[PDB]
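Below: the structure, in structure tokens.
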Amino acid sequence: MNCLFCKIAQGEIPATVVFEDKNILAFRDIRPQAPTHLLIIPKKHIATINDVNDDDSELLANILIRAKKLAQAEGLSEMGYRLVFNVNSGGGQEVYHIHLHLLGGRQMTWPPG
Amino acid sequence: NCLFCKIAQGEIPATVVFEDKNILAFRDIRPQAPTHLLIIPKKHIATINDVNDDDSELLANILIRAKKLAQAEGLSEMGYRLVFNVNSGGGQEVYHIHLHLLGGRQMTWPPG
Ligand SMILES: [Cl-]
Ligand SMILES: [Cl-]
Ligand SMILES: [Cl-]
Ligand SMILES: [Cl-]
Ligand SMILES: [Zn+2]
Ligand SMILES: [Zn+2]
């Protein structure tokens, strides 16, 4: 209830949508941590990676595949980019709807937080 | 000439934590967190930029295996972070795809 990303996926909160298909939505993170910072989400509400079982694992892989296609469309792939899933508070997750971060447009450094 | 192919096939030793016909997971020798695992396909794919839709089964296997390794390591609730570096600007140095699993401390923002 009151999931921010479900609200975005339902058109109830403004966002810059860069990709949509029947299952997946991608949009800009409002607090970008790199010159381009995108989020790729399932439209289905799944709280954390720990809640992805075998029946949602193809969807999760397809989020990753869409992120790599989107990185090309957005001009990030030639220089390079980083993909991040955060899981729970110790992993940095704040919104409890799974999201893949796509960060690029500068050199990404090590460690990754 | 691929370091991770050699590890996958047993030609170079590693601290292996999981192996099946498709995947190998091992401890990073320069760990950036108390838990720092690398999960690789045995199949050689050079970079995430080369992924195709026929990789969905293997990529799902890698991601689910990461979830399961996080559980066995004690990180499911404490929290953890999964990272792919893609090409030089993403921090990739070895051109065989590898998923980083990091946890056992607070992971911070930005993620590098
Ligand atoms: Cl796209
Ligand atoms: Cl085996
Ligand atoms: Cl597989
Ligand atoms: Cl395991
Ligand atoms: Zn949601
Ligand atoms: Zn290889």
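Each chain in the structure tokens gets a letter, A, B and so on, in the order shown; residues start at 1 in every chain, and ligands are counted from 1 in the order they appear.
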
request  = Determine which residues of chain A DSSP labels as strand (DSSP E or B) from the backbone of this structure, then write them out as number ranges by chain.
outcome  = A: 17-20, 24-28, 36-42, 81-87, 100-104

request  = Kindly provide, as an MDAnalysis selection string, all nucleotide and amino acid residues lying within 8 Å of ligand 6, counting only C-alpha atoms and all ligand atoms.
outcome  = chainID B and resid 1:6 42:46 95:97

Report as an mmCIF file with C-alpha atoms, in the first residue's frame all protein, DNA and RNA residues lying within 6 Å of residue B:40, evaluated on only C-alpha atoms, omitting residues in the same chain fewer than 3 positions from it.
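So selection_27.cif came out as:
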```cif
data_model
loop_
_atom_site.group_PDB
_atom_site.id
_atom_site.type_symbol
_atom_site.label_atom_id
_atom_site.label_comp_id
_atom_site.auth_asym_id
_atom_site.auth_seq_id
_atom_site.Cartn_x
_atom_site.Cartn_y
_atom_site.Cartn_z
ATOM 1 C CA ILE B 23 27.694 -21.276 -12.694
ATOM 2 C CA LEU B 24 30.695 -20.869 -10.436
ATOM 3 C CA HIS B 98 30.676 -11.474 -13.328
#
```

query = Residues within 9 Å of ligand 1 (only C-alpha atoms and all ligand atoms), as a PyMOL selection string?
reply = chain A and resi 18-20+26+66-74

Identify, counting only C-alpha atoms and all ligand atoms, the protein, DNA and RNA residues located within 9 Å of ligand 3, and give them as a PDB file with N, CA and C atoms, in the first residue's frame.
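Okay, selection.pdb is ready:
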```
ATOM      1  N   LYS B  21      26.794 -27.062 -13.229  1.00  0.00           N
ATOM      2  CA  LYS B  21      27.187 -27.159 -14.636  1.00  0.00           C
ATOM      3  C   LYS B  21      27.226 -25.802 -15.327  1.00  0.00           C
ATOM      4  N   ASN B  22      26.513 -24.810 -14.797  1.00  0.00           N
ATOM      5  CA  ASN B  22      26.339 -23.528 -15.459  1.00  0.00           C
ATOM      6  C   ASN B  22      27.027 -22.351 -14.786  1.00  0.00           C
ATOM      7  N   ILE B  23      27.297 -22.431 -13.487  1.00  0.00           N
ATOM      8  CA  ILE B  23      27.694 -21.276 -12.694  1.00  0.00           C
ATOM      9  C   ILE B  23      28.810 -21.682 -11.751  1.00  0.00           C
ATOM     10  N   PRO B  41      28.971 -17.031 -15.024  1.00  0.00           N
ATOM     11  CA  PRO B  41      28.601 -18.164 -15.862  1.00  0.00           C
ATOM     12  C   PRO B  41      29.860 -18.905 -16.266  1.00  0.00           C
ATOM     13  N   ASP B  55      19.877 -15.214 -23.436  1.00  0.00           N
ATOM     14  CA  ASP B  55      20.555 -15.317 -22.148  1.00  0.00           C
ATOM     15  C   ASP B  55      19.607 -15.270 -20.956  1.00  0.00           C
ATOM     16  N   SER B  56      18.294 -15.095 -21.147  1.00  0.00           N
ATOM     17  CA  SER B  56      17.440 -14.867 -19.983  1.00  0.00           C
ATOM     18  C   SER B  56      17.483 -16.033 -18.999  1.00  0.00           C
ATOM     19  N   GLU B  57      17.524 -17.272 -19.489  1.00  0.00           N
ATOM     20  CA  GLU B  57      17.581 -18.411 -18.570  1.00  0.00           C
ATOM     21  C   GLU B  57      18.848 -18.378 -17.719  1.00  0.00           C
ATOM     22  N   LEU B  58      19.998 -18.165 -18.354  1.00  0.00           N
ATOM     23  CA  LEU B  58      21.262 -18.134 -17.626  1.00  0.00           C
ATOM     24  C   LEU B  58      21.315 -16.954 -16.664  1.00  0.00           C
ATOM     25  N   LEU B  59      20.861 -15.775 -17.105  1.00  0.00           N
ATOM     26  CA  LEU B  59      20.891 -14.609 -16.231  1.00  0.00           C
ATOM     27  C   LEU B  59      19.964 -14.789 -15.033  1.00  0.00           C
ATOM     28  N   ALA B  60      18.791 -15.401 -15.239  1.00  0.00           N
ATOM     29  CA  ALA B  60      17.914 -15.710 -14.115  1.00  0.00           C
ATOM     30  C   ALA B  60      18.614 -16.655 -13.146  1.00  0.00           C
ATOM     31  N   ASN B  61      19.316 -17.654 -13.680  1.00  0.00           N
ATOM     32  CA  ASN B  61      20.057 -18.595 -12.847  1.00  0.00           C
ATOM     33  C   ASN B  61      21.117 -17.869 -12.015  1.00  0.00           C
ATOM     34  N   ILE B  62      21.874 -16.956 -12.642  1.00  0.00           N
ATOM     35  CA  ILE B  62      22.894 -16.191 -11.917  1.00  0.00           C
ATOM     36  C   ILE B  62      22.262 -15.376 -10.792  1.00  0.00           C
TER      37      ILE B  62
END
```

Would you list the contacts of stretch 2-8 of chain A as a short mmCIF file (atom, residue, chain, number, x, y, z; two decimals) with N, CA and C atoms, in the first residue's frame, taking every protein, DNA or RNA residue within 7 Å and counting only C-alpha atoms, but skipping same-chain residues closer than 4 positions in sequence?
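Listed below is the output, result-v7.cif:
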```cif
data_model
loop_
_atom_site.label_atom_id
_atom_site.label_comp_id
_atom_site.auth_asym_id
_atom_site.auth_seq_id
_atom_site.Cartn_x
_atom_site.Cartn_y
_atom_site.Cartn_z
N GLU A 12 0.27 7.92 -11.41
CA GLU A 12 -0.25 8.79 -10.37
C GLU A 12 0.77 9.80 -9.85
N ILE A 13 2.04 9.62 -10.17
CA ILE A 13 3.12 10.51 -9.75
C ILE A 13 3.92 10.82 -11.00
N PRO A 14 4.24 12.07 -11.28
CA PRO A 14 4.98 12.37 -12.51
C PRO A 14 6.39 11.80 -12.47
N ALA A 15 6.85 11.34 -13.63
CA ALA A 15 8.18 10.77 -13.76
C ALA A 15 8.55 10.84 -15.22
N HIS A 45 4.31 -5.66 -8.36
CA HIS A 45 4.94 -5.30 -7.10
C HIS A 45 5.64 -6.52 -6.49
N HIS A 97 10.08 -1.89 -3.66
CA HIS A 97 9.61 -2.42 -4.94
C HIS A 97 10.88 -2.58 -5.76
#
```

key: DSSP alpha helix (DSSP H) residues within stretch 16-111 of chain B, listed as a list in words   = residues 56, 57, 58, 59, 60, 61, 62, 63, 64, 65, 66, 67, 68, 69, 70, 71, 72 and 73 of chain B

Residue subset to file, keeping N, CA and C atoms, as a compact mmCIF listing (two decimals), in the first residue's frame:
```
# COMPACT_ATOMS: atom_id res chain seq x y z
N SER B 56 18.29 -15.09 -21.15
CA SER B 56 17.44 -14.87 -19.98
C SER B 56 17.48 -16.03 -19.00
N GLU B 57 17.52 -17.27 -19.49
CA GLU B 57 17.58 -18.41 -18.57
C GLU B 57 18.85 -18.38 -17.72
N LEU B 58 20.00 -18.17 -18.35
CA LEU B 58 21.26 -18.13 -17.63
C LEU B 58 21.32 -16.95 -16.66
N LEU B 59 20.86 -15.77 -17.11
CA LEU B 59 20.89 -14.61 -16.23
C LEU B 59 19.96 -14.79 -15.03
N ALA B 60 18.79 -15.40 -15.24
CA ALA B 60 17.91 -15.71 -14.11
C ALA B 60 18.61 -16.65 -13.15
N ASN B 61 19.32 -17.65 -13.68
CA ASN B 61 20.06 -18.60 -12.85
C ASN B 61 21.12 -17.87 -12.02
N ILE B 62 21.87 -16.96 -12.64
CA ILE B 62 22.89 -16.19 -11.92
C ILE B 62 22.26 -15.38 -10.79
N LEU B 63 21.16 -14.68 -11.09
CA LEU B 63 20.55 -13.80 -10.10
C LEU B 63 19.92 -14.59 -8.96
N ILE B 64 19.23 -15.69 -9.27
CA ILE B 64 18.68 -16.54 -8.21
C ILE B 64 19.79 -17.16 -7.38
N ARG B 65 20.88 -17.58 -8.03
CA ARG B 65 21.99 -18.14 -7.26
C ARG B 65 22.59 -17.09 -6.32
N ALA B 66 22.68 -15.83 -6.77
CA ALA B 66 23.14 -14.76 -5.90
C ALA B 66 22.22 -14.60 -4.69
N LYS B 67 20.90 -14.62 -4.92
CA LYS B 67 19.94 -14.54 -3.83
C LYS B 67 20.16 -15.68 -2.83
N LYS B 68 20.36 -16.90 -3.33
CA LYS B 68 20.54 -18.05 -2.46
C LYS B 68 21.86 -17.97 -1.71
N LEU B 69 22.92 -17.52 -2.37
CA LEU B 69 24.20 -17.35 -1.69
C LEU B 69 24.10 -16.30 -0.59
N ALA B 70 23.40 -15.19 -0.87
CA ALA B 70 23.19 -14.17 0.16
C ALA B 70 22.49 -14.78 1.37
N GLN B 71 21.49 -15.63 1.15
CA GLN B 71 20.79 -16.28 2.26
C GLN B 71 21.74 -17.14 3.08
N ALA B 72 22.50 -18.03 2.42
CA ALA B 72 23.39 -18.92 3.15
C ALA B 72 24.47 -18.15 3.89
N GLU B 73 24.93 -17.02 3.34
CA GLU B 73 25.93 -16.18 3.97
C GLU B 73 25.38 -15.40 5.16
```

ask   = Any idea which chain A residues end up within 8 Å of chain B if we count only C-alpha atoms, as a PyMOL selection string please?
value = chain A and resi 33+49-50+52-54+57-58+60-62+65+68+77-92+104+106-113

ask   = Which one of A:25, A:43, A:48, A:11 sits closest to residue A:95 if you count only C-alpha atoms?
value =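 For residue A:95, the nearest of the given residues is A:48.
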
message = Show me, as a list in words, the residues that have an atom within 10 Å of residue B:29 when counting only C-alpha atoms, minus same-chain residues fewer than 5 positions from it.
response = residues 14, 15, 36, 37 and 38 of chain B

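For the set B:28, B:11, B:93, B:19, the residue with the smallest atom-to-atom gap to ligand 2 is B:19, counting only C-alpha atoms and all ligand atoms.
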
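Using only C-alpha atoms and all ligand atoms, the smallest distance between any of A:93, A:51, A:98, A:31 and ligand 5 comes from A:98.
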
task = Rounded to one decimal place, report the atom CA of residue A:42-atom CA of residue B:25 distance in Å.
result =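 Straight-line distance from atom CA of residue A:42 to atom CA of residue B:25 works out to 26.7 Å.
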
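You will find atom CA of residue A:64 at 12.3 Å from atom CA of residue A:38.
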
message = Between atom CA of residue A:30 and atom CA of residue A:75, what distance in Å does the model show, to one decimal?
response =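 Atom-to-atom, atom CA of residue A:30 and atom CA of residue A:75 are spaced 19.2 Å apart.
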